[PDB]
Amino acid sequence: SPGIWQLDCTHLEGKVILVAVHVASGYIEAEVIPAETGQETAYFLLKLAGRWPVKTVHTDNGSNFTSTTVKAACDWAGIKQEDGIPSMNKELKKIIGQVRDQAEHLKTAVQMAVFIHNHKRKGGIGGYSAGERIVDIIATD
Amino acid sequence: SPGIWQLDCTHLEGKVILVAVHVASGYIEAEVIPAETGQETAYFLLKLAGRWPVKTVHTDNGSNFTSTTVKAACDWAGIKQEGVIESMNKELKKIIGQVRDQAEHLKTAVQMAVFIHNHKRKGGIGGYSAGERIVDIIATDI
Ligand SMILES: Oc1ccc2c(c1)OCO2
Ligand SMILES: Oc1ccc2c(c1)OCO2
Ligand SMILES: Oc1ccc2c(c1)OCO2
C-alpha cells in the first residue's frame, strides 16, 4: 500500500500533464510533458522513484507504457509495473483554474496547483494534508 | 530545521544542474536546465515547495535569485531566501560520472544519480538512507 502510485494523464490547452498519485495519501506529483512518448514517460518515472520509495505503479496501459524504454526504466528502478489495473484529474483542473490568471505559462500553473493540492487540509480544521499523510505513511523511523 | 534547503548549480557539458539539498538529511532534488535563468530558478523553487515543506532556501549570490520572477514565486510559496552539504554535492557529481556512460543524455544520468544518492543506506546494519532521513525528520516535526 505505501509503495503504490497511480499514474494518469490529463490534456489541457493542447499540452500533456502526467500525474502520479500516491494512492494511500492523495499526494501528487505532476509535470507538463511535450507528448506521451516512451522516453518522456520513463524519465518521469525515474524522477519519481528517485524522490519517493516507489514499489508499484498502476498505469492506464497507454502505448507509452508498453514501450520497452519504460519497462527498462521500471526494471532499473525496481518498480513493479501494473498496466490496466484500476478523480484527481478533475480536482486538479479545478485548482489549475484558480491560479491560471497568475501564471503566464501552463507549466507554472500546474506546479502551483500541485502545491495547493498537497498543502490542503482535508476533513475539517482537525484534519491533515496529503503532504502530511504521505510522510506519516512512508516514515520508517 | 526540517524546512531548510541549500540550492546550488553545477556546470557540466555546457548544461546547468540545479541541486537542492535538504540540509538536515542530505536528501537531494536536482534538475538539468538549458541555462541558469530567473524563470528556470523560479520554476525549480515552485516545484520543490509543492513537494516538500520548504521554509528557507540558502543560495549563492546569483542574479537569478533576486529576479522579480523568483521573488514572486518565493512570496507565493512562502519561501524565505538567504559545511557537509558541500559534500553531498561532490558526492553527486562523483555518482554522475560513475553512471554517465550508462545513459544517453546527461539528464538521465543526473536523475539516476539522484536515485542512487537518495536510496543509498549510510553506515552499517542500523543505517538510513537520505530519503528515509528526510521523511523521518518531517514526520517527527508533524
Ligand atoms: O511531507 C510534506 C509535508 C507538507 C507538504 C508536502 C510534503 O508537500 C507539500 O506540503
Ligand atoms: O509548506 C509548508 C508546510 C508545512 C510547514 C512549513 C511549510 O513550514 C513549517 O511547516
Ligand atoms: O524511504 C524513502 C523515502 C524517500 C526516498 C527514498 C526512500 O528513496 C528516494 O527518496
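Side-chain atoms are counted along with the backbone in the values below, which use heavy atoms only and exclude waters and symmetry mates. Letters go in sequence order (proteins before strands), and every chain restarts at 1. When a ligand or atom number is given, it counts from 1 through the structure's own listing order.
Between A:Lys47 and A:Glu29 there is no salt bridge, since no side-chain N of the basic residue sits under 4.0 Å from a carboxylate O of the acidic one. Between B:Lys120 and B:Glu91 no salt bridge is recorded (no basic side-chain N to carboxylate O distance below 4.0 Å).
Taking 4.0 Å as the cut-off, A:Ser129 does not count as a neighbour of ligand 1 on heavy-atom distance.
The closest side-chain heavy-atom distance from B:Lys15 to B:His105 is not below 4.5 Å. Looking at heavy atoms from C-beta onward, A:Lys122 lies in side-chain contact with A:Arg133 at the 4.5 angstrom threshold. For the pair A:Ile138/A:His22, a side-chain contact is recorded, criterion being any heavy-atom separation below 4.5 Å from C-beta on.
Atom-to-atom distance recorded for B:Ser25:OG and B:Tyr128:OH is 13.5 Å, nearest 0.5 angstrom. Taken from CD in A:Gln111 to CZ in B:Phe44, the straight-line distance is 12.0 Å, to the nearest 0.5 Å.
When the heavy-atom distances from atom 7 (C) of ligand 3 to B:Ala130, A:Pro53, A:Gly3 are ranked, the shortest goes to A:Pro53.
For atom 1 (O) of ligand 1, the closest non-hydrogen atom on the protein side is A:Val135 CG1, 2.8 Å. Among protein heavy atoms, the minimum distance from atom 5 (C) of ligand 3 is reached at A:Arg51 O, 3.4 Å. In this structure, the protein non-hydrogen atom closest to atom 3 (C) of ligand 3 is B:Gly131 O, 3.1 Å.
Using cut-offs of 30° and 60° for the angle between ring planes, the B:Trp52 and B:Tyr27 rings count as perpendicular.
Considering both main-chain and side-chain atoms, A:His119 comes within under 3.5 Å of ligand 2 through a nitrogen or oxygen pair.
Distance remark: protein heavy atom not present below 4.0 angstrom from atom 9 (C) of ligand 2.
Atoms of ligand 3 found under 4.0 Å from any heavy atom of A:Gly50 (numbered from 1 in listed order, with element): 9 (C), 10 (O). Of all the atoms in ligand 1, the ones that sit under 4.0 Å from a non-hydrogen atom of B:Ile138 are 1 (O). Numbered from 1 in the order shown, with element, the atoms of ligand 1 that lie under 4.0 Å from a heavy atom of A:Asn118 read 8 (O), 9 (C), 10 (O). Interface of B:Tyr27 with ligand 3, defined as ligand atoms under 4.0 Å from a residue heavy atom, comprises 10 (O).
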